[PDB]
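So this first bit is one chain, no partners, the form deposited without ligand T3, shown in structure tokens.
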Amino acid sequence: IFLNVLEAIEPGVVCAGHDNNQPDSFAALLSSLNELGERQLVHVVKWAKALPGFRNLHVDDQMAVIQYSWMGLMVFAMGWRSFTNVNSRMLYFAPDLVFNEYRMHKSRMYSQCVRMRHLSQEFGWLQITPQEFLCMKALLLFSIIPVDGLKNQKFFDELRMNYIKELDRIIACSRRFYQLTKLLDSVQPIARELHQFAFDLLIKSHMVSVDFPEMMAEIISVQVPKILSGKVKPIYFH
């Protein structure tokens, strides 16, 4: 039942709307990454609200958790698409926004891109199944919380525990759980580097001609700083 639901709510293809006929430029690539990010957020919200037991969380906790986990969720899914679509040869942000090394360099997000390409290769090396991927991705939504706690922290803890139990079931084992939890942990440092990048970019956006969609701008200025300042932290296994 659980996996049937995860498979059923998994978002479909999301395009960036990027102009690939134009020579690559920092401003164009980033404006497309921003637009893509916003488009995916719409789906992340619909996805999360359709997850088993998610509605139990306090209305305000639902939105906060989605906004904090947003980057990580996207990173993990992008790595999987890269692995399945182009065998980690490039980064498949979207069908119309594929990054080769040249674009990784031009986007000024080279370090982060290479870490995501490594994550992408990990799916193959570890032979991650589509079902382990789906459960791990859902678990990611419940892997970052405020030090001051949520409105209903207990309901959150219960939900996170249940998702971990589902992973146990999909695995059924010790070595596998170690492998998967280590892989999940690896997502956080990457999301952090991207968060820092997005923050610095927003602060100087008017100087580099980069366009930031409304929702993203608000989230980068209100939520992301809470993560960068340590008020909101990821939950690591290790």
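Numbering starts at 1 and runs along the sequence shown.
- The stretch of deposited sequence separating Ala172 from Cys173 contains 4 to 9 residues lacking coordinates in this entry.
- A summary of the deposited B-factors shows that, of 147-155 and 69-77, the stretch with the larger mean C-alpha value is 147-155.
- Comparing 191-199 with 54-62, the stretch with the higher mean C-alpha B-factor in the PDB entry is 54-62.
- Sorting the modelled residues of the chain by their CA temperature factor places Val13 in the highest third.
- Ranked by C-alpha B-factor against the other modelled residues of its chain, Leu228 falls in the lowest third.
- Sort the modelled residues of the chain by CA B factor and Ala48 lands in the middle third.
- Split the chain's modelled residues into thirds by C-alpha temperature factor. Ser186 is in the middle one.
- The entry lists a Cα temperature factor for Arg39 that places it in the lowest third of the chain's modelled residues.
Below, we turn to the form solved in complex with ligand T3, even though it does not appear here.
- Contact with ligand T3 in the bound PDB entry, defined as a heavy atom within 4.5 Å, is made by all three of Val45, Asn56 and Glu158.
- Although the partner is absent here, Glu166 lies within 4.5 Å of ligand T3 in the bound PDB entry, judged by heavy atoms.
- The shortest heavy atom separation between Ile66 and ligand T3 in the bound PDB entry is within 4.5 Å.
- For the chain shown alone, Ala8 is not a contact residue for ligand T3 in the bound PDB entry, no non-hydrogen atom being within 4.5 angstroms.
- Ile171 falls outside the set of residues with a heavy atom inside 4.5 Å of ligand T3 in the bound PDB entry.
- If you take 200-217 and check each residue for a heavy atom within 4.5 Å of ligand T3 in the bound PDB entry, you get just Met215.
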